[PDB]
Amino acid sequence: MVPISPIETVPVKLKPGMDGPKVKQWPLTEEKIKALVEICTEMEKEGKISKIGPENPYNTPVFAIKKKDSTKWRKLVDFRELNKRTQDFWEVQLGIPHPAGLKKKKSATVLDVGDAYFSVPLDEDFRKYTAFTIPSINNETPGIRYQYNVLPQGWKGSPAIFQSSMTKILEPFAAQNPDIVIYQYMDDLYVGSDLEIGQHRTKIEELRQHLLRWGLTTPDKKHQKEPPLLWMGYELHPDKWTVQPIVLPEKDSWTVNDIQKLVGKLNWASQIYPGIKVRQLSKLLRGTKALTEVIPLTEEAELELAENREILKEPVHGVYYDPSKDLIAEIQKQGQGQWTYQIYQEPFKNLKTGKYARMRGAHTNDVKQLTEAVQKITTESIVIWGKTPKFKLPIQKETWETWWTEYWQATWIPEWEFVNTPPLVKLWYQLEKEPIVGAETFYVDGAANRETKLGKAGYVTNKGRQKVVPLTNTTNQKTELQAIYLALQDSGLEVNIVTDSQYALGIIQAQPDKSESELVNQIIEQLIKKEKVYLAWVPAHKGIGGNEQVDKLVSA
Amino acid sequence: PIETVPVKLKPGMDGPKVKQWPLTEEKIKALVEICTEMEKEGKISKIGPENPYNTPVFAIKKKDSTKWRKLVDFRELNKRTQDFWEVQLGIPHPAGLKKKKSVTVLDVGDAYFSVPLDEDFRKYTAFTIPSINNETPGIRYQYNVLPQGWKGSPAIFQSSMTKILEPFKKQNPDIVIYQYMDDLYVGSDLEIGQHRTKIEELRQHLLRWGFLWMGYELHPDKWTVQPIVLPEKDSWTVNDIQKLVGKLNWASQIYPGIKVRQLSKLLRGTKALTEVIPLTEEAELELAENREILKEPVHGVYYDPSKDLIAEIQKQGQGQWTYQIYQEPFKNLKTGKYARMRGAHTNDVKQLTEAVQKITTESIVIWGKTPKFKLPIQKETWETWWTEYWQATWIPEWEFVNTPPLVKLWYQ
Ligand SMILES: Cc1cc(/C=C/C#N)cc(C)c1Oc1nc(NC2CCN(Cc3ccc(S(N)(=O)=O)cc3)CC2)nc2ccsc12
Ligand SMILES: [Mg+2]
């Protein structure tokens, strides 16, 4: 017999104030009882479980299940109640590596570490809470009562404790074979290396010879997989990766559940298939919950879907990461708040692709959205590769410099270069910093009645030009914008505008280039046609002329 | 020091469960090396999966030093750690620190690692060095000693610090020493000549008690509410007068007795913005009376220690930033302006981060606490970049301004 090291037990407690589970065992058929007795006798011989006396007051129900061709039963212990009562753990498995962040390895193998799982002992003081009862035949004797000595399948703490235990066992092996990489998830263990295959299979042998010091049996994974390896939705070839094939169904009747799983496929595909778009197909789900409702796909949703089918026409592939090369991210504007991007090291060999969609807002502009896309890609790149990429952006350097030097917020984007691929992001208007000599001055005002919603909007100018239009179904805020719009419509290419509307100044000083308000949009289109606009603000109701005269004109 | 001080969270709240944000590879590597040495020195230990807590960590470089330093973001733990009446029921913030000619900031965070942390509280100091690309589980640690940046550390160390310093204080009754978090602030009315010496005099005095070569020198002789200033002009356009009436109307919410009637009357009719309007005598007098009102201090401002301090910042362009500190709107307790942010002439965010640190420092000197910032920046831009330029071992709270304030005009 060879001494094996004990695996260090993790201390576990129940949530404060909570006791263990006390759930009654369901009655079972005579055949299920017989099958459960057979199974638990075997588990008991392997040290997994142990018989307890009647002193333990906790209980978790146990069931017997089957399958189609599997002519025998398996044991299911239902730990739902215990899991609700068990303390929270550090669960350290929630993300997986992105293939584009991986480095190519000459050799890679998968190990099955399923057996090692139940050689992880369970904290002694916690076992009592795992008790379960095999009901007796005809209920004429006491039930056979057992508790777990190892992490039970289904118990809340078993994934984190098993993973944490393996990590600690593996740490010496990894740290002292720096030419190896080891990755663990579920009961699978992945080893990769750049060793010729002779010495790789021996490092594998050394690894089970390391695992055996804790008495952990690890054979080669039964029925091995060969290139590509299929893993977490990907295909990993030795020198390239891609996603598992994406198939979009044809349907003449789409439901909201059909659609939201079309977006999921498209979202999945968008990490390597450049230019995927999902806004129009996401638009058909803004607000609904009974998810077999049919939706007419708009012809805008159909063109988007048909555009997606064309990009999906082919397989595409990404390459693995080379740390000795630069990391580059290029972004293109797609329209309607949509952006796409490719991350690469050599031209035409993408590491991965992606997309970004405009946040929900009343008004917005292209430069702000490009900035957000940059920040999203920055953070993703830090996750994946541990560094910020150099950016190639469809915005002229002078456009950016004008934007950030004049914009009222602080803003910044990291090292980047202009790439001349239309449509380019541009500033569509810029207001004057000073009043314009020789340009006509328009004093604008609007006003509406709360009850009737009847309003007026208009202007008076230093040349005696004047206009007031009566309006229905309006509000003060709309009349204030409508007045600015009238002044832009009726003036020459250079114009000074004086308003008392803090609301309208707040919108325009935000520099939107597109809006949810058709009226704001009309103002933007006018601004674009102008050569110079100066917008001045004055307080209302304070006797300042022009503003005084137009105020009386529009206030009934 | 063998005997730990018992510490608890506030009643009915668990420890922090804050997500670690992603880190670049060079910061991860720096943190691995620092923590390996800390773990060898007993200051931190590896923890197991039964600890579900987490506090974020990153790595910085203190102002113009080239060695990485670990910074733990204890904001959540500090909010959840019991209020501290440690050996006192309150340590008077020295109201005379803000008046001293020169104040030097000394990092003494290293002294905290001499004191064990309560064994029952250690699990709440959990933090994670993240992996790149989820390629390994993060490295999980908890503190065994008082950590830098935690609210309880100056509180629990206060008994030792006052005794370490008392021989120096006995010799120097002129010198104010104030502790906030990891830093000592040392003020004197004498010139930098003998100030540096006394600073190193104090510094080597810490060496004989079981230290850091760095400092930072402030002059709180400046710190006021800046006056509202009106233009002095020989010819006024319509536009100039409109801007003046707008500024005065804004100031009438702060100051009583501001009048714009006689100035507004100059704007009779519908005139071109660039047309020159002579000032009458009545408008001239009104302007003069307004000028007279604005040189006196604002009526009814003082600091309520029960209330948050709020700090607002405006980007003014060309490297200039204005700010105001207040508790109630229009009752500014301090206003200020910065320019030429060092090594940042093309990076707005770096400039903003330095201004935030500069304002927080003034706030600690004046009141002994940090303000809640209203930052003129979109959240995703700030959240992506601020840690890149942060150099302080404390971190204030902040919120984001998405609508441009008209008041920027009035502070420019
Ligand atoms: C994350 C990960 C996944 C797998 C999946 C297996 C399956 N199902 C395997 C390993 C080692 C993983 O973990 C890491 N993988 C890498 N690189 C990879 C290694 C594998 N190649 C693909 C490949 C190479 C050679 C052959 S071959 N010639 O033997 O048939 C077949 C396939 C892609 C890059 N780097 C790291 C760094 C830290 S962990 C880790
Ligand atoms: Mg009006």
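When reading the values below, keep in mind they use all heavy atoms of this one structure, side chains included, and skip hydrogens, waters and symmetry mates. Every chain is numbered from 1 and lettered A, B, ... according to where its sequence line falls, protein lines coming before strand lines.
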In Å and rounded to the nearest 0.5 Å, what is the [atom1] to [atom2] distance from [X] to [Y]?
{"X": "A/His541", "Y": "B/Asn249", "atom1": "NE2", "atom2": "CG", "result": "12.0 Å"}
{"X": "B/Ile377", "Y": "A/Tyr407", "atom1": "CD1", "atom2": "OH", "result": "10.5 Å"}
{"X": "B/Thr136", "Y": "A/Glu171", "atom1": "OG1", "atom2": "CD", "result": "9.0 Å"}
{"X": "A/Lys387", "Y": "B/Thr24", "atom1": "NZ", "atom2": "OG1", "result": "10.5 Å"}
{"X": "B/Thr274", "Y": "A/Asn462", "atom1": "OG1", "atom2": "CG", "result": "8.5 Å"}
{"X": "B/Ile139", "Y": "A/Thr167", "atom1": "CD1", "atom2": "OG1", "result": "11.0 Å"}

Side chain, backbone, both or neither: which part of [X] has a heavy atom under 4.5 Å from chain B?
{"X": "A/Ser165", "answer": "neither"}
{"X": "A/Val460", "answer": "both"}
{"X": "A/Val550", "answer": "neither"}
{"X": "A/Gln509", "answer": "both"}
{"X": "A/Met359", "answer": "side chain"}
{"X": "A/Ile96", "answer": "backbone"}
{"X": "A/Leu102", "answer": "both"}
{"X": "A/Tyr185", "answer": "neither"}

Less than 4.5 Å apart, side chain to side chain, heavy atoms only: is that true for [X] and [Y]?
{"X": "B/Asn239", "Y": "A/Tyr534", "value": "yes"}
{"X": "A/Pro539", "Y": "B/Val245", "value": "yes"}
{"X": "A/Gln375", "Y": "B/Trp385", "value": "yes"}
{"X": "A/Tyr443", "Y": "B/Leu273", "value": "yes"}
{"X": "A/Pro435", "Y": "B/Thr237", "value": "no"}
{"X": "B/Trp21", "Y": "A/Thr379", "value": "no"}
{"X": "A/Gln502", "Y": "B/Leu406", "value": "yes"}
{"X": "A/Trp408", "Y": "B/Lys315", "value": "no"}

Can you give me the closest heavy-atom contact between [X] and [Y], atom names plus distance?
{"X": "B/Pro22", "Y": "A/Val383", "result": "CB-CG2, 3.7 Å"}
{"X": "A/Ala410", "Y": "B/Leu352", "result": "CB-CD2, 3.9 Å"}
{"X": "A/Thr411", "Y": "B/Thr381", "result": "CA-CG2, 4.4 Å"}
{"X": "A/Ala536", "Y": "B/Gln242", "result": "CB-OE1, 4.3 Å"}
{"X": "B/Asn402", "Y": "A/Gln409", "result": "CA-NE2, 4.0 Å"}

Residue from A/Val12, A/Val92, A/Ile161 passing side-chain contact (heavy atoms from CB on, under 4.5 Å) with B/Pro49: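 Only match with B/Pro49 under side-chain contact (heavy atoms from CB on, under 4.5 Å): A/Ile161.
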
In terms of heavy-atom pairs under 4.5 Å with chain A, which of [options] leads?
{"options": "B/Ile28, B/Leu409, B/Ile132", "answer": "B/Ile132"}
{"options": "B/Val238, B/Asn347, B/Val260, B/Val349", "answer": "B/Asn347"}
{"options": "B/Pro137, B/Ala126, B/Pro405", "answer": "B/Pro137"}
{"options": "B/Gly48, B/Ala272, B/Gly246, B/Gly317", "answer": "B/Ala272"}
{"options": "B/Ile47, B/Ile313, B/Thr346, B/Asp14", "answer": "B/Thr346"}
{"options": "B/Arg140, B/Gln318, B/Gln316", "answer": "B/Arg140"}

CD/B/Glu399: more than 12 non-hydrogen atoms of other groups inside 6.0 Å: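 Yes, CD of B/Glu399 has more than 12 neighbouring heavy atoms, counting only those of other groups under 6.0 Å.
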
Top contributor to chain B contacts, counting heavy-atom pairs under 4.5 Å, from A/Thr405, A/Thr371, A/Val498: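 Of the options given, most contacts go to A/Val498.
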
Option in A/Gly95, A/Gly545, A/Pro97 with maximal non-hydrogen atom pairs under 4.5 Å from chain B: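 Winner by heavy-atom pair count: A/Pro97.
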
Counting only heavy atoms closer than 4.5 Å, note whether [X] contacts chain A via side chain, backbone, both or neither.
{"X": "B/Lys27", "value": "neither"}
{"X": "B/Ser131", "value": "neither"}
{"X": "B/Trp382", "value": "neither"}
{"X": "B/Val401", "value": "both"}

Side chain to side chain donor-acceptor pair (under 3.5 Å) assessment of B/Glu50 paired with A/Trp90: CA-CA 6 Å; B/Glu50 79 277 20; A/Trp90 188 252; over 6 Å; no

A/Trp385 and B/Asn133: CA distance, side-chain angles, deciding distance, side chain to side chain contact (heavy atoms under 4.5 Å, CB included) verdict: CA-CA 7 Å; A/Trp385 301 287; B/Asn133 194 32; over 6 Å; no

From CA spacing to verdict: side chain to side chain donor-acceptor pair (under 3.5 Å), B/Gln378, A/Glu372: CA-CA 9 Å; B/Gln378 176 165 347; A/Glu372 292 156 7; 2.7 Å; yes

Worked verdict on A/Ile382 versus B/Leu23 for side chain to side chain contact (heavy atoms under 4.5 Å, CB included): CA-CA 6 Å; A/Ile382 295 161; B/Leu23 295 185; 5.5 Å; no

